[PDB]
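Following: one structure in structure tokens, then a few remarks.
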Amino acid sequence: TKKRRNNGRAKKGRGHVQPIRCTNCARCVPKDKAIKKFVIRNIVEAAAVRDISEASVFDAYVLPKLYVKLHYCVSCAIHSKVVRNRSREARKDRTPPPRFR
Amino acid sequence: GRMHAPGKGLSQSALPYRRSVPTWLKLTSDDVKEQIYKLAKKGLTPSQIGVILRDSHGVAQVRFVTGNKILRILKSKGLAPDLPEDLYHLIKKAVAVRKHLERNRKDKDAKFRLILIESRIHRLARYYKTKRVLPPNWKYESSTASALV
Amino acid sequence: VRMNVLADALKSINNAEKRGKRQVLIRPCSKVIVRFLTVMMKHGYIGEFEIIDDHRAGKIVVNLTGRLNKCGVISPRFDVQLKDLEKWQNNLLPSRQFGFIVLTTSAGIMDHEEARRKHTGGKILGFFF
Amino acid sequence: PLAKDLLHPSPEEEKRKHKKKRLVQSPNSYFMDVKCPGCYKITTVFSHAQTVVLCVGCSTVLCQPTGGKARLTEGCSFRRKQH
Amino acid sequence: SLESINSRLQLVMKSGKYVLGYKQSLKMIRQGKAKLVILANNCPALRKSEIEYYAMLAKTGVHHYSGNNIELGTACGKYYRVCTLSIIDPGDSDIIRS
Amino acid sequence: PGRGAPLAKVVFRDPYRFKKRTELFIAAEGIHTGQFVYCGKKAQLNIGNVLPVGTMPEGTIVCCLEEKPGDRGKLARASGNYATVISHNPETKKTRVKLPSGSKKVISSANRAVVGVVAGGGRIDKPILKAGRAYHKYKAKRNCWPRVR
Amino acid sequence: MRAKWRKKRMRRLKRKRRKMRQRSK
Amino acid sequence: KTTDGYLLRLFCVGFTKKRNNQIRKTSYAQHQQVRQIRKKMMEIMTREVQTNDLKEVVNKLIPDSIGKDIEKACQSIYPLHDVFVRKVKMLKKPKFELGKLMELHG
Amino acid sequence: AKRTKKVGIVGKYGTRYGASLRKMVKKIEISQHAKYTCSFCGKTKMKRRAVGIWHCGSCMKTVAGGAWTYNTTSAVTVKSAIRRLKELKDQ
RNA sequence: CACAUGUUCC
RNA sequence: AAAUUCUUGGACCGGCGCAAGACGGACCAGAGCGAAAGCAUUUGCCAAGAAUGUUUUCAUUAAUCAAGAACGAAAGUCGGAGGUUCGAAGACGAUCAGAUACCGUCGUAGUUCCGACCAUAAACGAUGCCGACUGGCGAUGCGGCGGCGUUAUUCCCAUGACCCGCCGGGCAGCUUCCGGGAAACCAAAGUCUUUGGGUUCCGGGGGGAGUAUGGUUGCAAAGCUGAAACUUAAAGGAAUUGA
Ligand SMILES: [Zn+2]
Ligand SMILES: [Zn+2]
């Protein structure tokens, strides 16, 4: 039977989209079908962010961040717990999880 | 609902209900006709006489002011062209696609586009055969169509 | 494209009757449809209709009552003899107490009772009850 | 809702509907009495004239073709007419 | 503006007076009747220079046409190549005013 | 005879004595009879116009290239073959030029080459079908065709 | 047996019948 | 190329800005607007670099003086905000003679 | 009528030389005797007289071209490339 | 990093 | 996890360059275009196209179509060019009872460009094409219309960028007892036992079998049409509860 109305992708009027590889494996996944994660993160998070600050020559120097646009496949994201299975009524919800931490 | 396109657009003219002549128009039927004869003498397809007359001369419709329409007036005086205007512009468009296809023969999209006009030309060709405005043995020949502009 | 005109008019007012609209507009106006509407009005199945005669195919606004169940159309217009006209209404009308099959004859357009009175057959148009 | 006044549609929504989809098919175009500041003579111009309009004696241009209504030359007084 | 010239040429063919060919058009420059000269780009360079010298004495404008003689005949509505075209009477066209 | 590349007779004017000097050039593809072919340093860059390599822009297609200044052309002169300019070097008056074998050779900037590919290209794509065509080909060149293993 | 490989087995078997019938003629 | 033989390949970047009162999430621009932005966005480089040699254009790279002009000149096309010149690449230098380097070093 | 099914000019070769050699010869053999449009006169009078030369039957004008075709695909690309660098030098 | 398979009736 | 592999003959790494061939990230979206396949660096040229606007022209010229024809993913074939990366086959090192697989190092064909074949895909919206009607709701693409106002050229009208609405269709989404369906679900999969708007293609339990044979195309691979003998009482679809 039909599990998803959009068949787990954003392709509606195209019919063909360019594939992209994965981060863990080299799986060829369509761009709209891939689970895309964009993570804003510092180079150092909790411990190394402190001791480098007094070790920095330039006082009051903000540490640069790192930007990585992640592209996971269906098997890779679920195994790495990026996304998880939901109930038939919980599938239709597509709002992002709340962001506070 | 275009017959050679998947588009279903709705955009065309809509004449008002009243067929009476406008109150701002003081040009009589013969003065409109001599204006029509002036535009037709210098070379102009009947589509364009109707265009510029409502722009500068301020006429609503030629059929309401005069007794006849634009092509019918030219047919009475013999100023109408040898072949109708919709077939002429289709042949002109078909020549340009074929001329473009001579250089860009890799253009498969333009190659597919070529059959559509020749499909559209033949529909107009056999229709005008039944209306007896074309000779019964007239046939659109692609190689000799470049002589006609 | 629009092949049949009466078929589009009858189904448009049948969709409005199912929803129960007080009045309904049909986009084409034809002589057959006007004759079709006059057949139903003498029997009181619908409310009073009017046409808007512009300089094109006119538009007809038909007031509706709640007395209409279904007004169908039979395409193509099969010719109907006097012998099997009972056979046509057996498998089309709900009952013999009511239900009207209208069909065009040389005398005009009328229901199946009046065609029996004038003893004239013709081609079928549609059914309504 | 069910009951509507198709007999007598209100002015406010009649102009809102599409020009072909009106109860009576009426255009949205019109004509106006354009008077350029360069000269004196009154010219009749279509609202969607889509063509170049030039004054008498080639004094100044009047209207520019656009996708919709023709753009009037600035300073040209115009008075919309009807019949 | 190239397509406009083909429309002017088509208008002259049906209404106005014209002379086709090189030798017959060279006489019309010499009688002074022709006002505009059309020359294809594939005409001989000796013939290109002689036409312009003939027209300079006659004060006749020369319009060097874009393409070759093969398409110039089709632009004139004919079925043969034409290198030199001379317009005797435009009649009802604006070809000479552009 | 014995050479697939056509030859062109070019006639010059002697600048010191009242005489006309003729040469036997190697015809680049596109050369027609009755055409001014120029020869010198101040020459323009078009097909069939020999000028020194050091004046040429990058990637110029040439043939009949001199391998030494003044030896009247030795390199890249078979039918359908050509040479390209790789890179210039203003000092030491040298220029890298590749050869149809694919090898890249540093050559002086003083020598010259005629711009274009040699006419008669594509000769080897036609297969010889019978022994007669190959017998007549080598008979004009030398006695080397019948090869016993 | 997947439906894909039984089609591939048929084509290998059909091609085998092509060579066997060809040598007899 | 500058007045001297310093021939450069410059690179700039632009970013359309969501307006303060804009409610629309997309905030995109038309394709012809991008082509109309980039034709003004390129000619500014040719105006700043051709008129002088390296000493002033480098002095224009310490601030965003090339990128500031690009941001304000294209406000009539689309109000882009996040404009800088992103990369300047050396391509061809003339002959190095030591006298040129001294006035660049005091 | 149509004399042969799928062999044209290579029908003179008979059953010799194989099908594929006769097939690839056919494209070259047809083109080396076909006539091409003159760029000077316009009359189609480009006939191959020898290897690499093409002569005009109207202008009496010999043009140095390809071995089998009037213009090879490589030489046309060179002519566009040389003209592009011609105006690049003098601006 | 491997976890291959175990005749039938209710 | 190791090994196959390179390495004092200097591997790996850093810097400056050079050359080659692929590819076009982030911007990139339940967005746009195209009949479909499909289409993403800048710019120029050529021809084409939908929608909008139109008091412009003709006046039924229209809808679906067997025969026929054009295009047609990837893989594959034939000639050349080039072959960076990846990579069928194959070699080697691991794992296992065995790997002839999954893992790792190489790597032919191929993957890249041009000219010809090939016409097959889960070529899917698993939903033929034209016409009408049947609830709303917020978006979004284009074009047009109207309107307070903020903001640029600056010197504002008008044009740009926003904001508030309306119109046509363009891809969609949300919502509900319209209605339907075996249900999953569907603004079409509704307007159907109250059964008829028009026109093509196609199916009759499951295998045999898309097989044999015959015909036809193709260089080949294979493409189109296409059985019977015989065997079988179930196969299958949706949904519920356990395991
Ligand atoms: Zn993955
Ligand atoms: Zn000639």
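The chain as shown is numbered from 1 upward.
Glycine residues also receive a Cβ, built from the backbone N, Cα and C atoms like all the rest.
Swiss-Prot lists D:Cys36, D:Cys39, D:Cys55, D:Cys58 with the feature Zn(2+) binding site, giving experimental evidence as the kind of evidence. The phosphoserine feature in Swiss-Prot is assigned to D:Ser10. What Swiss-Prot lists as zinc finger is D:36-58, and the listing cites sequence analysis.
Sequence features annotated in Swiss-Prot and their locations in the structure.
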| residue | record | CB count, 10 Å |
| --- | --- | --- |
| D:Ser10 | phosphoserine | 9 |
| D:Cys36 | Zn(2+) binding site | 23 |
| D:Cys39 | Zn(2+) binding site | 13 |
| D:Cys55 | Zn(2+) binding site | 18 |
| D:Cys58 | Zn(2+) binding site | 7 |
(message) Residues other than D:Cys36, D:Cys39, D:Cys55, D:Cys58 within 8 Å, Cβ to Cβ centroid, of the Zn(2+) site?
(response) D:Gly38, D:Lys41, D:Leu54, D:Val56, D:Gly57, D:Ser59, D:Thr60, D:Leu62
(request) Sequence order please: the recorded positions D:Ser10, D:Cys36, D:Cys55, D:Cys58 that have their Cβ under 8 Å from a chain G Cβ, otherwise just none. (result) none
(request) State the three-class DSSP label for the residue listed as 'phosphoserine', counting H, G and I as helix, E and B as strand, and everything else as coil. (result) coil
(request) Could you tell me how many residues in the zinc finger (D:36-58) are helical, how many are strand and how many are coil under DSSP? (result) 0 helix, 6 strand, 17 coil
(request) Measuring Cα to Cα, tell me the gap between D:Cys58 (Zn(2+) binding site) and D:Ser10 (phosphoserine) in whole angstrom. (result) 46
(request) Measure from the Cα of the residue listed as 'phosphoserine' to the Cα of every one of the binding-site residues D:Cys36, D:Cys39, D:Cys55, then give the nearest. (result) D:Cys36
